[PDB]
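One structure is given below, encoded as structure tokens.
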Amino acid sequence: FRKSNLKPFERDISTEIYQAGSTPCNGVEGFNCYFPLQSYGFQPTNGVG
Amino acid sequence: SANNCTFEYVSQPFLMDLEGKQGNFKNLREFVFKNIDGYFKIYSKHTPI
Amino acid sequence: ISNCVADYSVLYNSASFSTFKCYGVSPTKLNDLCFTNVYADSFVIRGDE
């Protein structure tokens, strides 16, 4: 997730954890604050998608 | 029996003996029912006769 | 559940639930999109399950 959309051709580098919950946690990792970067999965014998 | 459906509604009744005038009114009742795009509509009014 | 209003935000902030995992639906769009039926199923399940 992000704070909003992106303007065209804009690049983001921020890695701070967004408050995905409801309580203001002041940027502490854990519940209600999920890390906004998760990776792909590349298996060579899986679906084409 | 009554089951396996998605509606229930109870409110002020429509058909009322509102005459209370020893006749000469007869409480004319006219009702229209129609179904368009999933909407059931009822129109009515009570008038002297 | 039908013919309701759904304050899923209130249920998101009124108690402490282990997992707010909605599959294919974002918690943000709970107050925006309108549906027709709600199925509420709830029982006791093992933690390993």
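FYI the Cβ positions are ideal-geometry reconstructions off the backbone, even for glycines, and counts take in every protein chain you see. Only the coordinates and a few stated rules stand behind these numbers; no lab work does.
Using the structure shown, decide if C:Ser2 is surrounded by fewer than 11 Cβ atoms within 10 Å (Cβ to Cβ) and within 11 Å of another protein chain (Cβ to nearest Cβ). Answer is no for this residue.
Please go through chain A and pick out each residue that is more than 26 Å from C:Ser18 (Cβ to Cβ) and among the small types (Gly, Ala, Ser).
If the condition is that a residue be more than 26 Å from C:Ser18 (Cβ to Cβ) and among the small types (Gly, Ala, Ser), then A:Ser4, A:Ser14, A:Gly47, A:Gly49 are the ones that fit.
Being of a type in the set (D, E, K, R) and in a loop (DSSP other than H, G, I, E, B): is that true of C:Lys21 here? So C:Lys21 passes the test. Looking across the range C:22-49, the residues that are free of Cβ contacts under 8 Å to residues at least 12 places away in the same chain and within 11 Å of another protein chain (Cβ to nearest Cβ) come down to C:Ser26, C:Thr28. Would a scan of the range B:2-12 turn up a residue that is in a loop (DSSP other than H, G, I, E, B), among the acidic types (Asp, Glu) and within 14 Å of chain C (Cβ to nearest Cβ)? Checked against the condition, which is being in a loop (DSSP other than H, G, I, E, B), among the acidic types (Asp, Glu) and within 14 Å of chain C (Cβ to nearest Cβ), the range B:2-12 yields at least one hit. So which pairs qualify, if the first residue must be in the range B:15-30 and under 10 Å from B:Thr47 (Cβ atoms), the second must be of a type outside the set (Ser, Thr, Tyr) and in a loop (DSSP other than H, G, I, E, B), the Cβ gap must be under 6 Å, and the two must be at least 6 apart or on different chains? The qualifying pairs are B:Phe25/B:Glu19; B:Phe25/B:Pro48; B:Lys26/B:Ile49; B:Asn27/B:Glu19; B:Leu28/B:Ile49.
Scanning the range A:1-23 finds no residues that are within 21 Å of C:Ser16 (Cβ to Cβ), exposed (fewer than 10 other Cβ atoms within 10 Å of the Cβ) and within 14 Å of another protein chain (Cβ to nearest Cβ).
Quick one: in the range B:13-47, of everything that is in a loop (DSSP other than H, G, I, E, B) and either of a type in the set (A, V, I, L, M, F, W, C) or within 30 Å of C:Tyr39 (Cα to Cα) (or both), which residue is nearest to the other protein chains (Cβ to nearest Cβ)? Break it down into steps so the answer makes sense when it comes.
Within the range B:13-47, the subset in a loop (DSSP other than H, G, I, E, B) is B:13-27, B:37-38.
Pick out the ones that are also either of a type in the set (A, V, I, L, M, F, W, C) or within 30 Å of C:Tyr39 (Cα to Cα) (or both) and you get B:14-16, B:18, B:25, B:37-38.
Working: B:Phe14: 20, B:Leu15: 24, B:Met16: 26, B:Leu18: 30, B:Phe25: 37, B:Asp37: 14, B:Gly38: 10 Å.
Step by step, filter the range B:13-47, then rank; the result is B:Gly38.
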